[PDB]
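The chain contents come next:
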Amino acid sequence: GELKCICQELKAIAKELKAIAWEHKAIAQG
Amino acid sequence: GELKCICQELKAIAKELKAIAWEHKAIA
Amino acid sequence: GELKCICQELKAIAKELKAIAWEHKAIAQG
Amino acid sequence: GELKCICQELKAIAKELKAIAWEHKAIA
Amino acid sequence: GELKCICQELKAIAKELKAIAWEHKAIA
Amino acid sequence: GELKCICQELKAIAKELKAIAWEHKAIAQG
């Protein structure tokens, strides 16, 4: 069960980092 | 119990990153 | 020994990200 | 398939962090 | 030696995040 | 093969976070 959780949470982490990346780009573009 | 710990900490990490993401949403 | 280290370092990582999150909120609040 | 998933997601994470890093390069 | 590598890299990651955190402390 | 990938990607992640850290410091220094 632990490995499934780890997979799931890393998916969430990748998701949020993409959001942060897109927000940085948006901020830089004015 | 290491794998359980790893799962738990990653949950926390995901939570904090969401908080950071929603902050960036603000201020464009 | 490796898995213990991994657990320990992820604890540290979660800690620092919470710090960063709180600092962002503080910055946004003026 | 959990280990494969973990590998794949870490790839994505590395990719996004590089994007963030290059943004910071801009604006000094 | 993969698990050792993972441990080592996570140590580095924690270190860099602490640096980033203390930067944010500055500038409020 | 999966563990090798995980090791490799974490190396990349550590690398980018160091870059981000250095950029923050540079920004703070004016």
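Residues numbered from 1 in each chain as written, not as in the entry; some residues may be left out. Chains lettered and ligands numbered in written order. Heavy atoms only, no water.

- What the entry reports as its method is X-ray crystallography, with 1.4292 Å given for the resolution.

**Quick notes on helix α1 (residues 2-25) of chain D**
Point 1. A rise of 1.5 Å per residue sets the reference length of α1(D), with its 24 residues, at 34 Å; its end C-alpha atoms lie 35 Å apart and thus fit the reference within 8%.
Point 2. Every buried residue of α1(D) is listed here: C5(D), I6(D), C7(D), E9(D), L10(D), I13(D), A14(D), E16(D), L17(D), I20(D), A21(D) and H24(D).
Point 3. Where α1(D) is buried, its residues touch α1 (2-28) of chain A together with α1 (2-28) of chain F.
Point 4. Among the residues trailing α1(D), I27(D) stands out with phi positive, at a value near 60°. (Helix = DSSP H or I, 4+ residues; strand = E, 2+ residues; numbered from the N terminus. Expected span 1.5 Å × (residues − 1). Buried < 20%, exposed > 50% of the residue type's maximum accessible area, 1.4 Å probe, protein only. Contact = heavy atoms within 4.5 Å.)

**Considering the nonpolar core**
Point 1. Residues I13(A), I13(B), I13(C), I13(D), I13(E) and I13(F) are the most contacted members of the largest nonpolar core, which totals 54 residues.
Point 2. Setting aside its immediate chain neighbours within four residues, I13(F) contacts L10(D), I13(D), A14(D), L17(D) and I13(E). (Core = buried A, V, L, I, M, F, W, Y, C linked by side-chain atoms within 4.5 Å.)

**Re the interface of chain E and chain C**
The figure often quoted for interface size is the accessible area lost as the parts come together.
Point 1. Of the residues lining the interface, 17 residues belong to chain E; the matching set on chain C comes to 16 residues.
Point 2. When residues of chain E are sorted by the area they lose upon contact with chain C, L10(E), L17(E) and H24(E) head the list and together hold 35% of the total.
Point 3. Across the contact surface, chain E and chain C share one salt bridge.
Point 4. Linking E16(C) and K18(E) is a salt bridge whose minimum nitrogen-to-oxygen distance equals 2.8 Å. (Buried area = accessible area lost by both parts, 1.4 Å probe. Salt bridge = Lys/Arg side-chain N within 4 Å of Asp/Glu carboxyl O.)

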